[PDB]
Amino acid sequence: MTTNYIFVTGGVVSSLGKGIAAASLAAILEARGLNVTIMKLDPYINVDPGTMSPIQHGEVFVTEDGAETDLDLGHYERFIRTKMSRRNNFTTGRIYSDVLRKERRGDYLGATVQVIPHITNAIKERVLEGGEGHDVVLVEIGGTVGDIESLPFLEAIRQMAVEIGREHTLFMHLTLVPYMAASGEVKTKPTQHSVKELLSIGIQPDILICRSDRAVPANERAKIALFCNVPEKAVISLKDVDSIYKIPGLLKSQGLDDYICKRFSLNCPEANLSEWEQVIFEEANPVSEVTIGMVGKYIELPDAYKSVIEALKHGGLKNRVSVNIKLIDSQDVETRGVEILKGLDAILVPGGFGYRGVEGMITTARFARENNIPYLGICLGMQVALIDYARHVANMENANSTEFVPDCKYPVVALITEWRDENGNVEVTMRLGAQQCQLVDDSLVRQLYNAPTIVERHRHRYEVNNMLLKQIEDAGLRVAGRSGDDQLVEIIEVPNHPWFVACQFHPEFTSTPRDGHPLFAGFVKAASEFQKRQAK
Amino acid sequence: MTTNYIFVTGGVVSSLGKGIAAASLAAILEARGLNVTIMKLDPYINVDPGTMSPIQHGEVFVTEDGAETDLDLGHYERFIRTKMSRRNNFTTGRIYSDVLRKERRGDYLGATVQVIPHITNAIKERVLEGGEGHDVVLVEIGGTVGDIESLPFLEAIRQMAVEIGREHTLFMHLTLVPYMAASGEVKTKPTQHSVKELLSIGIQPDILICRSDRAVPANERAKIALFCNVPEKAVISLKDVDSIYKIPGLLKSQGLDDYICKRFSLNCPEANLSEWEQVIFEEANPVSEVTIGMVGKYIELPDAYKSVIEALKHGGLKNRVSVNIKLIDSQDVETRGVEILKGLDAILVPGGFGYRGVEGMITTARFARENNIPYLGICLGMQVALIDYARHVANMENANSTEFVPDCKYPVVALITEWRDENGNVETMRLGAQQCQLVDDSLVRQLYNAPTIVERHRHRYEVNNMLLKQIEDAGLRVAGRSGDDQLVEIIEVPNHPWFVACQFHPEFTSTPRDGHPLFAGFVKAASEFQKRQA
Amino acid sequence: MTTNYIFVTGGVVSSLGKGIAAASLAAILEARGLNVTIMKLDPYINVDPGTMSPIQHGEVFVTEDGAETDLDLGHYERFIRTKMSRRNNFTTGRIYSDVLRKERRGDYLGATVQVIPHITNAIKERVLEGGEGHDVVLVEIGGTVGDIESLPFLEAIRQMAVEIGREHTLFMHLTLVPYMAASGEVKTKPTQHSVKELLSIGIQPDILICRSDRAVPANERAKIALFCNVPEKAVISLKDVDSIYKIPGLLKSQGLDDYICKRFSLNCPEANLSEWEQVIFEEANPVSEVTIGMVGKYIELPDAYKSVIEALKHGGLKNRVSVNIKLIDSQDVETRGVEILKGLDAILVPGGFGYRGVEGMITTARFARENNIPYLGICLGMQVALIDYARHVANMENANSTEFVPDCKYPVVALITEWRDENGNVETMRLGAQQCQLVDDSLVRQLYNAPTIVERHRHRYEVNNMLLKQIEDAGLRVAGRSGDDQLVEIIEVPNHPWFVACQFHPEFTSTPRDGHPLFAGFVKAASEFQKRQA
Ligand SMILES: [Mg+2]
Ligand SMILES: [Mg+2]
Ligand SMILES: [Mg+2]
Ligand SMILES: [Mg+2]
Ligand SMILES: [Mg+2]
Ligand SMILES: [Mg+2]
């Protein structure tokens, strides 16, 4: 099993759908029984995305193993079965980070450390390390062919190709092909110029995925093929679709996989896109429609909630419900009232950090609870839910979490190390990654999940204060799931509501269009049910 | 009078509307009382545009001086009052052609002839020659930056700038700023890559014209302004508009002219855009509408009849009528018959060459003439009508133009030389502006409200004077003539609401601001018809 | 017979000796029994090299077929046996000139003519035409990579390679590898930058010829091989040698041909360089030496007489004499007189045009003739002698060539047409190979050991036959003639040790391997003289 590489680059413009296109291609190949993987090389100095701001960067994906990563890894997982690890994503800064240590520590032997080969060498090592024992490895180069930031990545993959050879390496480049209103036509120039840059640095693309408003007409394609470029019938059209679930099919329709298998000398069964057609079908044929309110502090960048939004969609798939997501700002709530929340068949409070929109969230939770509106809260969203209750259904006077009010009488949520009493009494940090969790017999989730135990992914520090727990419990609230050790609280549920659950983890990083998510499926169904009784 | 030069280039993709944008800028400057001109440098080996196909290039504009040029000079002309000459358009081929010959006549003295400096020197010569004593000269460079084709032009203007200095030189570069439905955002990378191709060539742009499908936001702009670009507040947004007549105003609103004037140290009044405003108003507030059928052969590529279409639009303006142009292929008249002609308030038969739909046209002329439908025929459209007339009225069995049936007995159209008769009895090309005399009791005389007019020519075949009288007798009216050989220019059909046909190309003189008497009159009639006919 | 193409380009600087290096490689391949040719693509607008000045370009080589070409074809010819035709050299100007005309005759059908594909198509056509059925074709691209001038040629060959594929195409790129007296080391950066300019243009070199003043060390090489370059062991060192005759061996030692043959899948015997070895030996082991004065006008740029110099060198080879060429300006003969001629064992008066030193020459001829100094005159050098002879012996007051004094009474040199007499009595250009008949009792007859020979021509002015007999009578010998008009080709001076003068350019046929009878004979004599004269 000689490992084969597909280096995926984009030209002309950013935001071309490269992540998704690699994902889709990976999907097809897997559908052919191949052992496939994908990796993301991010051309930025930040050592890890775990510090990038959601606005700008988008959401911070979390792998099983706790790596904080680029959201593209989210796309990968929702398209292929291979699990992502830290090995699947690295940035220009971690490389440098690396090379700078080895240096300042000898390794180089007073030799002069340069981009080439020291940096490039470091890139290859990591690329190999992640391709390690896969039939096909998709290497997605972030940024745009043409930026400097890209340079070292491109040079490294160039080196690889030479080394490894045409028989186990391919270059897949993505270009924009604008449609002209004025021209009333297809502009191929930009692709030519892009391919031109590849050549300028040693790279001759083997495949071209042409992104356009609409399908790129053979004639145009035929032009590109030869037009500079120089590919054969490996010029692919990637029109704008209304559903990403259709991409694997479109690419297949065009022979991309075949081209790829031949080149790689991969003898293998024809791709069966049944699951994808299924997903498409379901999506195309909803029965009912709901409107869900997503109440958070980062709505400027919807990509800040990428995984949630996809999860909601999946939940809809599993119920034949067309979900209408209405993005709402924690703030306005605690500003514009509560009349913004009205008209939601359901309400979701995602994660985030601060204290910023936090008050409006607490509110939202209360509104949901009080108005028997199905509510689902992730992390922050659980916390803001622990509160409202603590506050409104118990004593917990000004109930809060030390993230916001370090000195509260009632710190129902806060670092374990900070666990104190209402009387300041006391007892005798970053949770990242997949973690087992024990569900409470007789709980909603225990039913939804249909298992005693589950594994979910975390990304948090502030825990439920066990010190003020029973106090909230006895107020009626219920603990649905825990995480042994310190038995930390993972899931809570409010007993006298139609559908009210909250968890510490990010159920969203486990949802997929093909298999859904028990929690989201439930939530969505409930939303439906709610819609149904509100009028009938 | 130190001449000032504005070098206009384009990046990313072709078709950014660079010609119109240059025209519009010229329009502002002119509206500030400046003496302005514009020139088109086409990076193509064809020596003379007058040989290229419309499929590819679209209409052949004709200047006053008879030069055959790129359609862009038509745009220039519809935006500024400066007239175009053969000196406002030239190609790579002309340059090489020039150098080759100069070289063959030993002007170079055994020295090595090279792109640099021979070709570039030749280009510079032409530029200066064309900008000769104007306050501002806009030099539009054809082609797309980054291509091989335009290299010489770019090197040449680089030198000029360097020679002339930044006090009288500016580079204005158009670029595509795509819109991502996805991210819902605007991509400035292409601009950056494009701007960098200039640098690689030694040019650093002074102004950027950012073309998008919507306005480019100050955000995306200041980014451009600096990031990879380096211009001041010379980052201009040029969104897709619904009327090119809005452009000068749009550019003026963003201060382009001020920046321009400022750099060139031009102290002049603010741009008075009143005429443009009027045009804009008239266009937006039609009081009625019509459907004018445009019956021809190159009907496929629109640009083929750029100027005609524009002149019909101007006709609307003048009459506050909304003109619906129905592009009709003459072969289908041939094919399916006058069935297609049904539903028009007017019929226009344009010029062109190639027997092709020629029969399809004659028919149309007839149709129009026989159904009292207002008609306008230009050149071929006039010939096509002489025929119909001659035929169906003068009874001249298969009257024709030698151009298509040299053996015709009855050939009312033909070179002055081939001029024979039905009895075989007997006894170069027209280009550019020609005085023509209007006949005293003509419709056309009224419209133009003048004894003599000046129009543009581009034809060989003529009204066989040896047969004229026959048709005259048969009722036809000679509305105008050349003068000397007293060649027939215009003809009229008396028992008609509105039937005019001329040899010249009236469309080359139409302007949105001042319109055109024929077109005006023709549109009016189309209206009248419309109404009546209901 | 799938033709194989070797694209030869150059980077960093011009004058890397690219022509010689291509020739030498061709020489190896040929020595392996391959059918090989070479062509010169000159990126200059001059249509015909036959109009460029030597100041700039050096001698005008003349092919068998009469084509006037770049001196490089002379190099080609001195290294391979394949003969050159007009098809082995062409310029940018020829290409454009071709396209222009094709375009004017509507071959393009109104389509846009552009650099790509029209010009590039034209180039490809010529290349294929020139490589037509040879096993290997070396295509030398003139100019320096990275310049604008050579763009088209580079794009064209890029296409070919792409079209033809790597099985029959190779790119060979010459580059400068400077030596730093400082660090005492060798700089490979320029190679890298140069190699990268190719990439930017879409070409990735297969072989690098590293030119230095000393051999490039395996060290600096493997670095090149990979670092920024990417070729295999196609990194060749080409140090400055003392004899170009060593080159094929030097290249062969590094395995260039094997690599070449290998890539092209050519199965052929090892390069037999015996002839080269001999040449090398002869050159290194002269047994005596001489000083031959080369008396002329363009005396300044050496390359002006490339072939002559080479043929004199070959003369040495054949006689194991070391030839000391004394470049003597004819105006100084004019200026300072025969004083300068002192110290020569022989006198050579080359060809050329321009009255200039013409008098300086006639003198020389005389001097040589009157001091029994072996002489050789080519073309002008022959004319210059007819004169002297005619004059100082036939007593023809100021005999001359109309070329300089059209009004001369006594004009022994002139166009067949101007052919008059002293009494005014009476009754295009020669280029390329011409049969000439050798006179039975001539020296020249012995030397060539043949009745008829073939030589190359490049002249207009001729031996005025109406005056011949006079000079014949005065003692002069007609050693050879054209044939038909029985034009005088060669003349001899009987009371002389060695005095020959021909119209043709013997130098165009000289070769280091096979030498040249005239030159051989002439050098021999110079030796003899030398000795005697002491
Ligand atoms: Mg991506
Ligand atoms: Mg990235
Ligand atoms: Mg234009
Ligand atoms: Mg153009
Ligand atoms: Mg050379
Ligand atoms: Mg050259």
# chains A, B, ... in the order shown; residues from 1 in each chain; ligands from 1
>>> select_by_dssp(residues="stretch 308-475 of chain C", states="helix (DSSP H, G or I)", output="MDAnalysis selection string")
chainID C and resid 308:319 330:336 358:370 380:394 443:448 465:473
>>> residues_around(residues="stretch 523-526 of chain C", least_positions_apart="2", cutoff="12 Å", atoms="only C-alpha atoms", output="PyMOL selection string")
chain C and resi 288-293+311-325+343-348+368+372-376+447+496-500+515-521+528-533
>>> interface_residues(of="chain B", to="chain C", cutoff="12 Å", atoms="only C-alpha atoms", output="VMD selection string")
chain B and resid 42 to 58 60 91 to 120 143 146 to 152 154 to 155 200 to 201
>>> interface_residues(of="chain A", to="chain B", cutoff="10 Å", atoms="only C-alpha atoms", output="PyMOL selection string")
chain A and resi 11-17+144+146-147+176-191+193-194+213+240+301-303
>>> closest_residue(among="B:8, B:41, B:467, B:238", to="ligand 4", atoms="only C-alpha atoms and all ligand atoms")
B:41
>>> select_by_dssp(residues="stretch 372-496 of chain B", states="strand (DSSP E)", output="number ranges by chain")
B: 375-378, 400-401, 411-414, 430-438, 452-459, 462-463, 477-481, 488-492
>>> write_last_selection(atoms="N, CA and C atoms", output="CSV table (one decimal), in the first residue's frame")
chain,number,residue,atom,x,y,z
B,375,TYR,N,-39.8,52.9,-41.8
B,375,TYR,CA,-38.6,52.2,-42.1
B,375,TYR,C,-37.4,53.1,-42.2
B,376,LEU,N,-36.3,52.5,-41.9
B,376,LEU,CA,-35.0,53.2,-41.9
B,376,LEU,C,-34.0,52.1,-42.4
B,377,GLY,N,-33.3,52.5,-43.5
B,377,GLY,CA,-32.3,51.6,-44.1
B,377,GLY,C,-31.0,52.4,-44.2
B,378,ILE,N,-29.9,51.8,-43.6
B,378,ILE,CA,-28.6,52.4,-43.7
B,378,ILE,C,-27.7,51.5,-44.6
B,400,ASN,N,-31.1,44.3,-59.0
B,400,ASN,CA,-30.1,43.9,-58.0
B,400,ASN,C,-28.9,44.8,-58.0
B,401,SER,N,-27.9,44.3,-57.2
B,401,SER,CA,-26.6,44.9,-57.0
B,401,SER,C,-25.5,44.0,-57.5
B,411,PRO,N,-29.3,46.1,-62.7
B,411,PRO,CA,-28.5,46.2,-61.5
B,411,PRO,C,-28.4,47.7,-61.1
B,412,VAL,N,-29.3,48.1,-60.2
B,412,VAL,CA,-29.4,49.5,-59.7
B,412,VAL,C,-28.3,49.8,-58.7
B,413,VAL,N,-27.6,48.8,-58.2
B,413,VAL,CA,-26.5,49.0,-57.3
B,413,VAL,C,-25.3,48.4,-57.9
B,414,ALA,N,-24.2,49.2,-57.9
B,414,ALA,CA,-23.0,48.7,-58.4
B,414,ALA,C,-22.0,49.8,-58.5
B,430,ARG,N,-15.9,54.7,-50.6
B,430,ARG,CA,-16.2,55.9,-49.8
B,430,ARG,C,-16.1,55.7,-48.3
B,431,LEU,N,-15.2,56.5,-47.7
B,431,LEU,CA,-14.9,56.4,-46.3
B,431,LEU,C,-14.8,57.8,-45.7
B,432,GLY,N,-15.5,57.9,-44.5
B,432,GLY,CA,-15.3,59.2,-43.8
B,432,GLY,C,-16.4,60.1,-44.1
B,433,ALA,N,-16.2,61.3,-43.6
B,433,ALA,CA,-17.1,62.4,-43.8
B,433,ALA,C,-17.3,62.9,-45.2
B,434,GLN,N,-18.5,63.1,-45.6
B,434,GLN,CA,-18.8,63.6,-46.9
B,434,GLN,C,-20.0,64.6,-46.8
B,435,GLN,N,-19.9,65.7,-47.5
B,435,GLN,CA,-21.0,66.6,-47.6
B,435,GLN,C,-22.0,66.0,-48.5
B,436,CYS,N,-23.3,66.2,-48.1
B,436,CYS,CA,-24.3,65.6,-48.9
B,436,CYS,C,-25.4,66.7,-49.0
B,437,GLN,N,-26.1,66.8,-50.2
B,437,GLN,CA,-27.0,67.8,-50.4
B,437,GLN,C,-28.4,67.3,-50.2
B,438,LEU,N,-29.2,68.0,-49.4
B,438,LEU,CA,-30.6,67.6,-49.2
B,438,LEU,C,-31.5,68.2,-50.2
B,452,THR,N,-27.5,71.3,-46.7
B,452,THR,CA,-26.4,70.3,-46.7
B,452,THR,C,-26.1,69.8,-45.3
B,453,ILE,N,-25.7,68.5,-45.3
B,453,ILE,CA,-25.3,67.8,-44.1
B,453,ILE,C,-24.0,67.1,-44.3
B,454,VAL,N,-23.4,66.6,-43.2
B,454,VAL,CA,-22.2,65.8,-43.3
B,454,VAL,C,-22.4,64.5,-42.6
B,455,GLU,N,-22.0,63.4,-43.4
B,455,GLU,CA,-22.2,62.1,-42.8
B,455,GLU,C,-21.1,61.2,-43.2
B,456,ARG,N,-21.0,60.1,-42.5
B,456,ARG,CA,-20.0,59.2,-42.6
B,456,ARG,C,-20.3,58.1,-43.5
B,457,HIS,N,-19.3,57.8,-44.4
B,457,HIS,CA,-19.4,56.7,-45.4
B,457,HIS,C,-18.4,55.6,-45.2
B,458,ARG,N,-18.9,54.5,-45.7
B,458,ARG,CA,-18.2,53.2,-45.7
B,458,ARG,C,-18.8,52.2,-46.7
B,459,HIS,N,-18.7,52.5,-48.0
B,459,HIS,CA,-19.3,51.6,-49.0
B,459,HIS,C,-18.6,51.8,-50.3
B,462,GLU,N,-22.9,51.5,-55.5
B,462,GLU,CA,-23.7,52.7,-55.6
B,462,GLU,C,-25.0,52.6,-56.4
B,463,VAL,N,-25.8,53.7,-56.3
B,463,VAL,CA,-27.0,53.8,-57.1
B,463,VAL,C,-26.7,54.0,-58.5
B,477,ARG,N,-38.4,58.8,-54.6
B,477,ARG,CA,-37.8,60.1,-54.4
B,477,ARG,C,-36.3,60.0,-54.0
B,478,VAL,N,-35.5,60.9,-54.6
B,478,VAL,CA,-34.1,61.1,-54.3
B,478,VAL,C,-34.1,62.2,-53.4
B,479,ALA,N,-33.8,61.9,-52.1
B,479,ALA,CA,-33.8,62.9,-51.1
B,479,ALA,C,-32.5,63.6,-50.9
B,480,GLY,N,-31.4,62.9,-51.3
B,480,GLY,CA,-30.1,63.5,-51.2
B,480,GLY,C,-29.0,62.9,-52.1
B,481,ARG,N,-28.0,63.7,-52.4
B,481,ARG,CA,-26.9,63.3,-53.3
B,481,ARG,C,-25.6,63.8,-52.9
B,488,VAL,N,-26.5,59.2,-55.5
B,488,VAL,CA,-27.6,59.2,-54.7
B,488,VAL,C,-27.3,58.8,-53.2
B,489,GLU,N,-27.6,59.7,-52.3
B,489,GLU,CA,-27.3,59.4,-50.9
B,489,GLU,C,-28.5,58.9,-50.1
B,490,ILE,N,-29.6,59.6,-50.3
B,490,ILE,CA,-30.9,59.3,-49.6
B,490,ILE,C,-32.0,59.2,-50.6
B,491,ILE,N,-32.9,58.3,-50.3
B,491,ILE,CA,-34.1,58.1,-51.0
B,491,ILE,C,-35.3,58.0,-50.1
B,492,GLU,N,-36.5,58.4,-50.5
B,492,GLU,CA,-37.7,58.4,-49.8
B,492,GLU,C,-38.9,57.8,-50.5
>>> residues_near_ligand(ligand="ligand 3", cutoff="7 Å", atoms="only C-alpha atoms and all ligand atoms", output="ChimeraX atom specification")
/B:17-19,72,142
>>> write_last_selection(atoms="N, CA and C atoms", output="PDB file, in the first residue's frame")
ATOM      1  N   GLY B  17     -15.186  46.957 -19.084  1.00  0.00           N
ATOM      2  CA  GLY B  17     -15.814  48.189 -19.564  1.00  0.00           C
ATOM      3  C   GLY B  17     -14.825  49.361 -19.507  1.00  0.00           C
ATOM      4  N   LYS B  18     -13.570  49.055 -19.832  1.00  0.00           N
ATOM      5  CA  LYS B  18     -12.472  50.000 -19.783  1.00  0.00           C
ATOM      6  C   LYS B  18     -12.650  51.168 -20.753  1.00  0.00           C
ATOM      7  N   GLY B  19     -13.243  50.893 -21.907  1.00  0.00           N
ATOM      8  CA  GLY B  19     -13.437  51.946 -22.892  1.00  0.00           C
ATOM      9  C   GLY B  19     -14.431  53.005 -22.408  1.00  0.00           C
ATOM     10  N   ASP B  72     -14.419  51.245 -29.909  1.00  0.00           N
ATOM     11  CA  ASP B  72     -14.221  52.092 -28.749  1.00  0.00           C
ATOM     12  C   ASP B  72     -14.201  53.584 -29.088  1.00  0.00           C
ATOM     13  N   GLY B 142      -5.205  48.515 -24.776  1.00  0.00           N
ATOM     14  CA  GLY B 142      -6.023  47.336 -24.976  1.00  0.00           C
ATOM     15  C   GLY B 142      -5.368  46.083 -24.387  1.00  0.00           C
TER      16      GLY B 142
END
>>> closest_residue(among="B:300, B:439, B:33, B:38", to="residue B:483", atoms="only C-alpha atoms")
B:439
>>> residues_near_ligand(ligand="ligand 2", cutoff="6 Å", atoms="only C-alpha atoms and all ligand atoms", output="MDAnalysis selection string")
chainID A and resid 42:43 142:143
>>> residues_near_ligand(ligand="ligand 1", cutoff="6 Å", atoms="only C-alpha atoms and all ligand atoms", output="list in words")
residues 18, 19 and 72 of chain A
>>> residues_around(residues="residue B:87", least_positions_apart="4", cutoff="12 Å", atoms="only C-alpha atoms", output="ChimeraX atom specification")
/B:37-41,63-70,73,83,91,94,123,125-132,139
>>> write_last_selection(atoms="C-alpha atoms", output="PDB file, in the first residue's frame")
ATOM      1  CA  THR B  37      -8.705  63.566 -26.048  1.00  0.00           C
ATOM      2  CA  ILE B  38      -8.586  59.773 -25.895  1.00  0.00           C
ATOM      3  CA  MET B  39      -6.683  57.123 -27.787  1.00  0.00           C
ATOM      4  CA  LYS B  40      -7.012  53.320 -28.242  1.00  0.00           C
ATOM      5  CA  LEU B  41      -3.814  51.170 -28.432  1.00  0.00           C
ATOM      6  CA  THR B  63     -13.969  58.455 -38.161  1.00  0.00           C
ATOM      7  CA  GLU B  64     -14.481  61.756 -39.826  1.00  0.00           C
ATOM      8  CA  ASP B  65     -11.183  61.321 -41.627  1.00  0.00           C
ATOM      9  CA  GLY B  66     -12.175  57.938 -43.052  1.00  0.00           C
ATOM     10  CA  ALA B  67     -10.051  55.896 -40.676  1.00  0.00           C
ATOM     11  CA  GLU B  68     -11.605  52.526 -39.886  1.00  0.00           C
ATOM     12  CA  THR B  69     -11.240  51.828 -36.223  1.00  0.00           C
ATOM     13  CA  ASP B  70     -12.043  49.981 -33.094  1.00  0.00           C
ATOM     14  CA  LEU B  73     -13.729  55.323 -30.673  1.00  0.00           C
ATOM     15  CA  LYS B  83     -13.352  64.339 -32.707  1.00  0.00           C
ATOM     16  CA  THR B  91      -2.340  48.324 -33.384  1.00  0.00           C
ATOM     17  CA  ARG B  94       0.750  48.998 -37.538  1.00  0.00           C
ATOM     18  CA  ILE B 123       4.729  53.710 -29.929  1.00  0.00           C
ATOM     19  CA  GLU B 125       5.921  58.704 -31.216  1.00  0.00           C
ATOM     20  CA  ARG B 126       2.348  57.888 -31.937  1.00  0.00           C
ATOM     21  CA  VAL B 127       1.190  58.650 -28.458  1.00  0.00           C
ATOM     22  CA  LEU B 128       2.714  62.102 -28.414  1.00  0.00           C
ATOM     23  CA  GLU B 129       1.410  62.731 -31.879  1.00  0.00           C
ATOM     24  CA  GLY B 130      -2.105  61.935 -30.714  1.00  0.00           C
ATOM     25  CA  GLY B 131      -1.928  63.888 -27.494  1.00  0.00           C
ATOM     26  CA  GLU B 132      -0.428  66.829 -29.315  1.00  0.00           C
ATOM     27  CA  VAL B 139      -4.323  56.532 -23.436  1.00  0.00           C
TER      28      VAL B 139
END
>>> residues_around(residues="stretch 431-433 of chain A", least_positions_apart="2", cutoff="6 Å", atoms="only C-alpha atoms", output="PyMOL selection string")
chain A and resi 64-66+457-460
>>> atom_distance(atom1="atom CA of residue B:340", atom2="atom CA of residue B:506")
26.1 Å
>>> closest_residue(among="C:468, C:136, C:174, C:304", to="residue C:35", atoms="only C-alpha atoms")
C:136
>>> atom_distance(atom1="atom CA of residue B:276", atom2="atom CA of residue B:30")
12.3 Å
>>> residues_around(residues="residue A:118", least_positions_apart="6", cutoff="12 Å", atoms="only C-alpha atoms", output="PyMOL selection string")
chain A and resi 95-96+98-100+102-103+107-108+111-112+124-125+152+155-156
>>> residues_around(residues="stretch 422-428 of chain B", least_positions_apart="2", cutoff="7 Å", atoms="only C-alpha atoms", output="PyMOL selection string")
chain B and resi 409-410+419-420+430+460
